[PDB]
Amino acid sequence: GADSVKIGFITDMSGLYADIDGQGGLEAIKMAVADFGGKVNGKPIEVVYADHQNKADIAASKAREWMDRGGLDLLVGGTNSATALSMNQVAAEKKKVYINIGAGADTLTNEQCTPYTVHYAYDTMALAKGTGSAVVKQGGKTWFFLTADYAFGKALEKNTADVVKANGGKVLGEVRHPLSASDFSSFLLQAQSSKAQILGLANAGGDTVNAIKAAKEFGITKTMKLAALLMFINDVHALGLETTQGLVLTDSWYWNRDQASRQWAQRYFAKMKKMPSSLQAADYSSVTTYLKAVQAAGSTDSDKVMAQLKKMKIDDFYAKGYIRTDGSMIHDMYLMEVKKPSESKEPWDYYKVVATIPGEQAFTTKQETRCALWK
């Protein structure tokens, strides 16, 4: 804006994704602003926010209004890939810097890649390549998908099905459920009748939690192993270790990884009284990264900031990495296994690291890209 550098954050603050990002993510953004000193290029930094209520149209209309009449300099995209994609289009049209953290669809750096988009934390290709490969390599050869009926589920099912098939496995079928489904019983029985070895949960947040609860309840887990293709620390906390032990998952960050992660998590906890998820961590990091780019450019001009973003290393408590041509922030990913209750040594101690997946190997390869800007 004229008087301020304006950061806007749009995410689900009220529904099935609120705990994993939501208000906590907003808090993390405000801490990053304060920690940077509250100003950049001699202008105060102002944060605005909105709850998209899991509506792509709300997200896109708010973004447009802030860009056109609110002097927006950075749009931070939160959860829900339908909202991520509607916002992406607005940012590309208006030539405004857009960093998406909470949403997963790899579409953002592929079919719908833009010169103004950064996909910061994770995507559905990394999920598939991590958890999908690992489960198939362990002998989980036959799969049936339970898929959230919107852009995220569809993208994740496609990436994961492709990995399964590439690694000698077979996909027997899929069943769709509405976002934030109130009843999973008929869907789970269809999956059970398929006789697949693996039930791939191509869904997230409250859907993942409710589906796992329902699967354990209806006895689905007697005959099928669940592959939780996207699970955050809050989802484990909701379900408990007794139910989640042994699940393999792919994530970008965990509070207890190392000294630097723990120290930041302590500052977060001191405010929110929960351990942060990888999204809440990434929210803070992405703001630091943006502000460093504005500081180095001496400008909020979107072409100058994008050029800075694409030439600066990132190295903070969240990640070491860089932002490449297609917009992906390349950083190592982690294959983890959920602990047994007896292995958990303090509150929120949920993960065993199985493997580190190198950044260059975790995301879409040059040869397989659908990004028309990456040749």
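We number the residues from 1 along the sequence you see.
- Once the C-alpha B-factors are averaged per stretch, 136 to 144 and 215 to 223 rank with 215 to 223 first.
- Higher mean CA temperature factor, per the PDB entry, when comparing 325 to 333 with 36 to 44: 36 to 44.
- For the set 268, 255, 184, 290, the PDB entry puts the maximum C-alpha B factor at 184.
- In the PDB entry, the Cα temperature factor peaks, among 104, 276, 168, 153, at 168.
- In the deposited entry, the Cα temperature factor of residue 19 sits in the middle third of values across the chain's modelled residues.
- Residue 192: CA B factor in the highest third of modelled residues in this chain (values from the PDB entry).
- When all modelled residues of the chain are sorted by CA temperature factor, residue 272 is found within the highest third.
- Residue 341: CA B factor in the lowest third of modelled residues in this chain (values from the PDB entry).
- Residue 5: CA B factor lies in the middle third for its chain, per the PDB record.
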